[PDB]
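K.L.:
Dropping in final.cif, with mmCIF, C-alpha atoms and all ligand atoms.
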data_entry
#
loop_
_atom_site.label_atom_id
_atom_site.label_comp_id
_atom_site.auth_asym_id
_atom_site.auth_seq_id
_atom_site.Cartn_x
_atom_site.Cartn_y
_atom_site.Cartn_z
CA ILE A 1 -1.99 -14.25 -15.50
CA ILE A 2 -1.42 -13.58 -19.20
CA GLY A 3 1.85 -11.73 -19.65
CA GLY A 4 3.29 -9.85 -16.70
CA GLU A 5 6.16 -11.20 -14.62
CA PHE A 6 7.03 -13.97 -12.19
CA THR A 7 7.16 -12.75 -8.62
CA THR A 8 7.60 -14.09 -5.09
CA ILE A 9 5.27 -14.01 -2.10
CA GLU A 10 7.49 -11.38 -0.43
CA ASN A 11 6.10 -8.90 -2.96
CA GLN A 12 2.46 -10.00 -2.45
CA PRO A 13 2.47 -11.03 1.27
CA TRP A 14 -1.34 -10.89 1.53
CA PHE A 15 -1.89 -13.50 -1.19
CA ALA A 16 -3.53 -16.74 -0.08
CA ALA A 17 -3.49 -19.99 -2.08
CA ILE A 18 -6.60 -22.15 -1.60
CA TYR A 19 -6.55 -25.90 -2.37
CA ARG A 20 -9.15 -28.68 -2.28
CA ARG A 21 -8.56 -32.10 -0.69
CA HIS A 22 -9.71 -34.99 -2.85
CA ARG A 23 -11.51 -38.29 -2.37
CA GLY A 24 -8.32 -40.20 -3.15
CA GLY A 25 -5.44 -38.35 -1.51
CA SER A 26 -4.34 -35.69 -3.99
CA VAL A 27 -4.74 -31.93 -3.53
CA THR A 28 -5.59 -29.57 -6.40
CA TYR A 29 -5.49 -25.77 -6.63
CA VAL A 30 -8.86 -24.01 -6.49
CA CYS A 31 -8.47 -20.24 -6.30
CA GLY A 32 -6.58 -17.23 -5.02
CA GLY A 33 -7.51 -15.15 -1.99
CA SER A 34 -6.39 -12.23 0.19
CA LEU A 35 -5.70 -12.02 3.93
CA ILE A 36 -7.73 -9.08 5.27
CA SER A 37 -7.15 -9.84 8.96
CA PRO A 38 -5.26 -12.49 10.99
CA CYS A 39 -8.28 -14.83 10.89
CA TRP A 40 -9.97 -13.91 7.60
CA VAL A 41 -9.30 -14.52 3.93
CA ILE A 42 -11.50 -13.02 1.24
CA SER A 43 -12.14 -14.79 -2.06
CA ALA A 44 -14.88 -15.46 -4.64
CA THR A 45 -18.05 -17.52 -4.13
CA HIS A 46 -17.92 -19.23 -7.55
CA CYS A 47 -14.80 -21.03 -6.29
CA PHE A 48 -16.74 -22.99 -3.66
CA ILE A 49 -20.41 -23.04 -4.75
CA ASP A 50 -20.24 -26.63 -6.10
CA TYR A 51 -18.48 -28.02 -3.00
CA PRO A 52 -19.52 -25.99 0.10
CA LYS A 53 -17.79 -28.44 2.47
CA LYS A 54 -15.27 -26.43 4.52
CA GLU A 55 -13.38 -29.57 5.57
CA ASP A 56 -12.24 -30.17 1.97
CA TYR A 57 -10.21 -26.97 1.92
CA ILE A 58 -6.66 -26.01 2.77
CA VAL A 59 -5.39 -22.43 2.83
CA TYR A 60 -1.69 -21.63 2.38
CA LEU A 61 -0.12 -18.30 3.29
CA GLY A 62 3.48 -17.35 2.50
CA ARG A 63 3.54 -19.71 -0.48
CA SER A 64 5.26 -18.70 -3.74
CA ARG A 65 4.81 -21.98 -5.64
CA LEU A 66 1.85 -24.13 -6.67
CA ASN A 67 3.14 -27.66 -6.11
CA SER A 68 6.08 -27.10 -3.77
CA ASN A 69 6.83 -25.70 -0.32
CA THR A 70 8.23 -22.25 0.44
CA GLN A 71 10.27 -21.40 3.53
CA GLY A 72 8.08 -19.60 6.05
CA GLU A 73 4.76 -20.82 4.62
CA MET A 74 1.83 -21.59 6.91
CA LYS A 75 -0.98 -24.12 6.44
CA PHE A 76 -4.52 -23.48 7.67
CA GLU A 77 -7.84 -25.32 7.87
CA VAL A 78 -11.14 -23.55 7.16
CA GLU A 79 -13.16 -22.95 10.33
CA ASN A 80 -16.05 -21.30 8.51
CA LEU A 81 -16.85 -20.94 4.81
CA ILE A 82 -19.13 -17.98 4.13
CA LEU A 83 -20.65 -17.76 0.63
CA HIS A 84 -22.82 -14.86 -0.53
CA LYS A 85 -26.51 -15.82 -0.47
CA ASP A 86 -27.41 -13.76 -3.55
CA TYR A 87 -24.70 -15.26 -5.75
CA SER A 88 -25.78 -16.12 -9.30
CA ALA A 89 -24.14 -16.73 -12.69
CA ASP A 90 -25.69 -15.56 -15.95
CA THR A 91 -24.42 -15.94 -19.53
CA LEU A 92 -21.16 -14.18 -18.60
CA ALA A 93 -21.71 -12.19 -15.40
CA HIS A 94 -21.18 -13.64 -11.93
CA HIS A 95 -23.12 -11.63 -9.35
CA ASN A 96 -22.12 -11.16 -5.69
CA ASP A 97 -18.99 -13.22 -6.33
CA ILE A 98 -17.41 -12.76 -2.93
CA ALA A 99 -16.65 -15.16 -0.08
CA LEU A 100 -15.08 -15.21 3.38
CA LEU A 101 -12.96 -17.99 4.85
CA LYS A 102 -12.22 -18.06 8.56
CA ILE A 103 -8.91 -19.85 8.99
CA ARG A 104 -7.17 -21.60 11.87
CA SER A 105 -4.01 -23.65 12.22
CA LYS A 106 -4.04 -27.19 13.64
CA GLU A 107 -3.18 -25.54 16.97
CA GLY A 108 -6.29 -23.37 16.64
CA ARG A 109 -4.42 -20.14 15.93
CA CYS A 110 -4.83 -17.49 13.26
CA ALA A 111 -2.03 -16.21 11.02
CA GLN A 112 1.10 -14.65 12.54
CA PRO A 113 2.71 -11.66 10.74
CA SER A 114 6.02 -12.11 8.92
CA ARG A 115 7.90 -10.82 5.88
CA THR A 116 5.85 -13.19 3.69
CA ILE A 117 2.49 -12.97 5.49
CA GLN A 118 0.75 -9.62 5.88
CA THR A 119 -2.79 -8.29 5.72
CA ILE A 120 -4.20 -6.02 3.02
CA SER A 121 -6.36 -2.97 3.79
CA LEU A 122 -10.03 -2.83 2.86
CA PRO A 123 -11.31 0.30 1.03
CA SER A 124 -13.53 3.03 2.51
CA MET A 125 -17.28 3.21 1.79
CA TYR A 126 -17.87 4.11 -1.87
CA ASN A 127 -14.26 5.30 -2.22
CA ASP A 128 -12.69 3.67 -5.28
CA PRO A 129 -9.70 4.83 -7.34
CA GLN A 130 -10.40 7.12 -10.29
CA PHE A 131 -10.70 5.30 -13.60
CA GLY A 132 -7.42 5.17 -15.52
CA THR A 133 -5.54 4.29 -12.32
CA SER A 134 -3.00 1.46 -12.53
CA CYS A 135 -3.57 -1.52 -10.23
CA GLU A 136 -1.96 -4.93 -9.80
CA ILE A 137 -3.31 -8.49 -9.87
CA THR A 138 -1.63 -11.66 -8.63
CA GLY A 139 -2.28 -15.34 -9.29
CA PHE A 140 -1.38 -18.89 -10.27
CA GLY A 141 -3.77 -18.80 -13.23
CA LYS A 142 -3.15 -19.70 -16.87
CA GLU A 143 -0.45 -17.92 -18.86
CA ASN A 144 -2.33 -18.57 -22.09
CA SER A 145 -5.95 -19.45 -22.91
CA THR A 146 -4.87 -22.61 -24.74
CA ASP A 147 -2.99 -23.91 -21.66
CA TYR A 148 -4.38 -26.80 -19.62
CA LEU A 149 -1.78 -26.45 -16.88
CA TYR A 150 -1.13 -23.67 -14.36
CA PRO A 151 2.31 -22.03 -13.87
CA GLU A 152 4.42 -23.35 -11.00
CA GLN A 153 5.58 -19.88 -9.89
CA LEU A 154 3.34 -17.03 -8.70
CA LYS A 155 2.80 -14.27 -11.28
CA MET A 156 1.75 -10.63 -11.26
CA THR A 157 0.84 -7.89 -13.68
CA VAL A 158 -0.44 -4.33 -13.89
CA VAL A 159 -3.77 -3.32 -15.40
CA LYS A 160 -5.73 -0.08 -15.58
CA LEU A 161 -9.22 0.58 -14.25
CA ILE A 162 -11.88 1.22 -16.89
CA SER A 163 -15.01 3.33 -16.33
CA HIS A 164 -18.41 1.71 -15.94
CA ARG A 165 -19.55 3.71 -19.00
CA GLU A 166 -16.81 2.33 -21.26
CA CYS A 167 -17.25 -1.24 -20.02
CA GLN A 168 -21.01 -0.96 -20.59
CA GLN A 169 -20.50 -0.23 -24.30
CA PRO A 170 -21.95 -2.68 -26.91
CA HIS A 171 -18.59 -4.13 -28.02
CA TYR A 172 -17.46 -4.56 -24.41
CA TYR A 173 -19.96 -6.22 -22.04
CA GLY A 174 -23.09 -4.12 -22.46
CA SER A 175 -25.68 -4.31 -19.68
CA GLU A 176 -24.07 -7.45 -18.22
CA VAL A 177 -21.61 -5.40 -16.14
CA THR A 178 -23.13 -3.71 -13.08
CA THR A 179 -22.01 -1.03 -10.62
CA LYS A 180 -21.10 -3.77 -8.12
CA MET A 181 -18.38 -4.77 -10.58
CA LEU A 182 -15.16 -3.17 -11.80
CA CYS A 183 -13.53 -3.59 -15.20
CA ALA A 184 -9.76 -3.47 -15.62
CA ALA A 185 -7.46 -4.24 -18.52
CA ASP A 186 -4.22 -3.43 -20.32
CA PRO A 187 -4.57 -0.51 -22.78
CA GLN A 188 -2.72 -2.69 -25.33
CA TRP A 189 -4.72 -5.82 -24.41
CA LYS A 190 -1.52 -7.82 -23.85
CA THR A 191 -1.75 -8.64 -20.15
CA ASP A 192 -4.78 -9.86 -18.16
CA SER A 193 -6.07 -12.29 -15.52
CA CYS A 194 -7.25 -15.72 -16.78
CA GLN A 195 -8.77 -19.02 -15.59
CA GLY A 196 -7.20 -20.02 -12.28
CA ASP A 197 -6.75 -16.42 -11.10
CA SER A 198 -10.27 -16.39 -9.60
CA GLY A 199 -10.62 -15.07 -6.07
CA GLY A 200 -7.32 -13.21 -6.31
CA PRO A 201 -6.69 -9.52 -5.47
CA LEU A 202 -6.90 -6.43 -7.63
CA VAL A 203 -4.74 -4.08 -5.55
CA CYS A 204 -4.67 -0.31 -6.11
CA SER A 205 -2.70 2.45 -4.43
CA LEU A 206 -5.33 4.72 -2.90
CA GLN A 207 -3.75 7.84 -1.36
CA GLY A 208 -0.35 6.24 -0.81
CA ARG A 209 -2.00 3.13 0.65
CA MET A 210 -2.26 -0.38 -0.87
CA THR A 211 -5.96 -1.26 -1.00
CA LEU A 212 -7.90 -4.42 -1.93
CA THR A 213 -10.08 -2.84 -4.62
CA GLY A 214 -11.38 -5.94 -6.35
CA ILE A 215 -11.51 -9.72 -6.58
CA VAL A 216 -10.90 -11.62 -9.84
CA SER A 217 -14.34 -12.79 -10.93
CA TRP A 218 -15.03 -13.17 -14.66
CA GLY A 219 -14.36 -12.22 -18.27
CA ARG A 220 -14.78 -13.32 -21.88
CA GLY A 221 -11.62 -15.19 -22.82
CA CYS A 222 -8.32 -13.69 -21.64
CA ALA A 223 -6.36 -10.75 -23.06
CA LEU A 224 -8.91 -10.28 -25.86
CA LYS A 225 -9.45 -6.79 -27.31
CA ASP A 226 -12.44 -4.96 -25.75
CA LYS A 227 -13.04 -7.81 -23.28
CA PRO A 228 -11.65 -6.59 -19.90
CA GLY A 229 -11.32 -8.66 -16.77
CA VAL A 230 -14.25 -8.09 -14.40
CA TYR A 231 -13.76 -7.81 -10.65
CA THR A 232 -16.11 -7.83 -7.67
CA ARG A 233 -16.22 -4.22 -6.39
CA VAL A 234 -15.08 -4.74 -2.79
CA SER A 235 -16.10 -1.28 -1.54
CA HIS A 236 -19.76 -2.18 -2.13
CA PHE A 237 -19.66 -5.27 0.09
CA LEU A 238 -18.23 -3.65 3.23
CA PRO A 239 -21.52 -3.96 5.20
CA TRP A 240 -21.69 -7.63 4.21
CA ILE A 241 -18.01 -8.10 5.13
CA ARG A 242 -18.41 -6.44 8.54
CA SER A 243 -21.62 -8.27 9.46
CA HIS A 244 -20.06 -11.68 8.76
CA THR A 245 -16.62 -11.17 10.35
CA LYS A 246 -17.79 -10.07 13.82
CA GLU A 247 -19.16 -13.06 15.76
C1 LIG B 301 -15.98 -18.83 -13.63
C2 LIG B 301 -15.53 -17.58 -14.43
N1 LIG B 301 -16.14 -17.69 -15.69
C3 LIG B 301 -16.05 -16.90 -16.73
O1 LIG B 301 -15.36 -15.88 -16.66
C4 LIG B 301 -16.76 -17.20 -17.97
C5 LIG B 301 -18.17 -16.55 -18.03
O2 LIG B 301 -18.93 -16.93 -16.88
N2 LIG B 301 -16.05 -16.70 -19.17
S1 LIG B 301 -14.88 -17.69 -19.87
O3 LIG B 301 -15.43 -19.13 -20.09
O4 LIG B 301 -14.50 -16.99 -21.20
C6 LIG B 301 -13.48 -17.81 -18.83
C7 LIG B 301 -12.40 -18.61 -19.44
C8 LIG B 301 -11.38 -17.98 -20.21
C9 LIG B 301 -10.37 -18.73 -20.85
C10 LIG B 301 -10.34 -20.13 -20.67
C11 LIG B 301 -11.31 -20.76 -19.86
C12 LIG B 301 -12.36 -20.01 -19.27
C13 LIG B 301 -14.07 -17.53 -14.53
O5 LIG B 301 -13.53 -18.32 -15.33
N3 LIG B 301 -13.39 -16.68 -13.81
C14 LIG B 301 -11.99 -16.49 -13.90
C15 LIG B 301 -11.62 -15.61 -15.03
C16 LIG B 301 -11.63 -14.21 -14.84
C17 LIG B 301 -11.32 -13.33 -15.89
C18 LIG B 301 -11.10 -13.86 -17.18
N4 LIG B 301 -10.99 -13.08 -18.29
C19 LIG B 301 -10.38 -11.89 -18.47
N5 LIG B 301 -9.63 -11.33 -17.51
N6 LIG B 301 -10.51 -11.20 -19.64
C20 LIG B 301 -10.99 -15.26 -17.36
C21 LIG B 301 -11.27 -16.13 -16.29
#
If you took the structure in this file and wrote it as structure tokens, what would it be?
Ligand SMILES: C[C@H](NC(=O)[C@@H](CO)NS(=O)(=O)Cc1ccccc1)C(=O)NCc1ccc(NC(=N)N)cc1

P.N.:
Amino acid sequence: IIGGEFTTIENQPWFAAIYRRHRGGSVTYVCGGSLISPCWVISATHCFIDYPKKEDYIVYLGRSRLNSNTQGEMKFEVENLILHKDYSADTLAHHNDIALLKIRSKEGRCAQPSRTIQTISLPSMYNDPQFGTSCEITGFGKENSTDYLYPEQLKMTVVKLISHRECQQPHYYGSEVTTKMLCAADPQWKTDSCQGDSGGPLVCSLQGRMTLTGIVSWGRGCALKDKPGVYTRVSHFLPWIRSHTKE
């Protein structure tokens, strides 16, 4: 997250931190995610496409820091890793960048609710916030494009939704952005999501209710003028979400 402020998991209780186990013994951070139900975390496919081995992943809930433990945190294994079959990456655009992770503790249980672990609501069919609406994003991603390290403390910021028409302009992203995607940015281009924030939530207040409106997917650079962050439009993948989370 470029700009914004440091926050704690108590303020983003649905945020899930996903790590990858390595050949040696070390564990590195992969992407963000959101808990949509006790047993399901939603993220982005580009995070796992190169290593689709579910056993290499660890999911942490209730965690405020990257490389250290937080009181009340819970560790989970990945029971099932569901990637979207029509995922593809072009010059800039990442299509159908959405993934589902079924989690389970070593005891074979799903997440238990607490002050630091809560679920986030999914949107209604084709019901997205009006453009110009302020939404929040959370992540452990880079604070600056020139950084090679991620921040140790969770961060958050507020961005505004941009219309498909404006984002489709020549100086923005042109025809690369589709209706299955949502653009969001800071009107002053000072705050934005960046590398490492992938898979994280774009949360918007829809009729007094906190809703998972998007998933951090892609963008040209970070915090650059006329180059908004692009998010996977969650409301369009509800049928896909429902069909894969049943049984
Ligand atoms: C895998 C994906 N790739 C890209 O977004 C590529 C185009 O496919 N663009 S990029 O190389 O400019 C991303 C980037 C930005 C800064 C440093 C390293 C990489 C990605 O990095 N997603 C996370 C990500 C999401 C949004 C942004 N940009 C933004 N909010 N303006 C920056 C990064």

K.L.:
Using all atoms listed in the file, can you tell me which of A:224, A:181, A:16, A:154 comes closest to residue 111 (chain A)?

P.N.:
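Selected residue with least distance to residue 111 (chain A): A:16.
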
K.L.:
What's the 9 Å shell around residue 65 (chain A), counting all atoms listed in the file, without same-chain residues fewer than 6 positions away, as a tab-separated table (two decimals) with C-alpha atoms, in the frame of the given file?

P.N.:
chain	number	residue	atom	x	y	z
A	8	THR	CA	7.60	-14.09	-5.09
A	9	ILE	CA	5.27	-14.01	-2.10
A	140	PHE	CA	-1.38	-18.89	-10.27
A	151	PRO	CA	2.31	-22.03	-13.87
A	152	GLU	CA	4.42	-23.35	-11.00
A	153	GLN	CA	5.58	-19.88	-9.89
A	154	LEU	CA	3.34	-17.03	-8.70

K.L.:
Interatomic distance between CA of residue 197 (chain A) and CA of residue 109 (chain A)?

P.N.:
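Value for the CA of residue 197 (chain A)-CA of residue 109 (chain A) distance: 27.4 Å.
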
K.L.:
Produce as a list in words the set of residues near ligand LIG 301 (chain B), where near means within 7 Å with all atoms listed in the file considered.

P.N.:
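Selection of residues at most 7 Å from ligand LIG 301 (chain B): residues 46, 89, 90, 91, 92, 93, 94, 145, 192, 193, 194, 195, 196, 197, 198, 216, 217, 218, 219, 220, 221, 222, 223, 224, 227, 228, 229 and 230 of chain A.
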
K.L.:
Since we have the selection now, will you write its residues out, keeping C-alpha atoms, as a PDB file, keeping the file's coordinate frame?

P.N.:
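Output saved as out02.pdb:
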ATOM      1  CA  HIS A  46     -17.920 -19.230  -7.550  1.00  0.00           C
ATOM      2  CA  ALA A  89     -24.140 -16.730 -12.690  1.00  0.00           C
ATOM      3  CA  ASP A  90     -25.690 -15.560 -15.950  1.00  0.00           C
ATOM      4  CA  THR A  91     -24.420 -15.940 -19.530  1.00  0.00           C
ATOM      5  CA  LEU A  92     -21.160 -14.180 -18.600  1.00  0.00           C
ATOM      6  CA  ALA A  93     -21.710 -12.190 -15.400  1.00  0.00           C
ATOM      7  CA  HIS A  94     -21.180 -13.640 -11.930  1.00  0.00           C
ATOM      8  CA  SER A 145      -5.950 -19.450 -22.910  1.00  0.00           C
ATOM      9  CA  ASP A 192      -4.780  -9.860 -18.160  1.00  0.00           C
ATOM     10  CA  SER A 193      -6.070 -12.290 -15.520  1.00  0.00           C
ATOM     11  CA  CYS A 194      -7.250 -15.720 -16.780  1.00  0.00           C
ATOM     12  CA  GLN A 195      -8.770 -19.020 -15.590  1.00  0.00           C
ATOM     13  CA  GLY A 196      -7.200 -20.020 -12.280  1.00  0.00           C
ATOM     14  CA  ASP A 197      -6.750 -16.420 -11.100  1.00  0.00           C
ATOM     15  CA  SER A 198     -10.270 -16.390  -9.600  1.00  0.00           C
ATOM     16  CA  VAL A 216     -10.900 -11.620  -9.840  1.00  0.00           C
ATOM     17  CA  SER A 217     -14.340 -12.790 -10.930  1.00  0.00           C
ATOM     18  CA  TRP A 218     -15.030 -13.170 -14.660  1.00  0.00           C
ATOM     19  CA  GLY A 219     -14.360 -12.220 -18.270  1.00  0.00           C
ATOM     20  CA  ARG A 220     -14.780 -13.320 -21.880  1.00  0.00           C
ATOM     21  CA  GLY A 221     -11.620 -15.190 -22.820  1.00  0.00           C
ATOM     22  CA  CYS A 222      -8.320 -13.690 -21.640  1.00  0.00           C
ATOM     23  CA  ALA A 223      -6.360 -10.750 -23.060  1.00  0.00           C
ATOM     24  CA  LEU A 224      -8.910 -10.280 -25.860  1.00  0.00           C
ATOM     25  CA  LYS A 227     -13.040  -7.810 -23.280  1.00  0.00           C
ATOM     26  CA  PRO A 228     -11.650  -6.590 -19.900  1.00  0.00           C
ATOM     27  CA  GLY A 229     -11.320  -8.660 -16.770  1.00  0.00           C
ATOM     28  CA  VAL A 230     -14.250  -8.090 -14.400  1.00  0.00           C
TER      29      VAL A 230
END

K.L.:
Determine the nearest neighbour of residue 60 (chain A) from the options A:125, A:135, A:31, A:81, counting all atoms listed in the file.

P.N.:
A:31

K.L.:
Could you name the residues that touch residue 235 (chain A) at 6 Å or less, counting all atoms listed in the file, but leaving out those on the same chain fewer than 3 positions away, as a count of residues only?

P.N.:
4
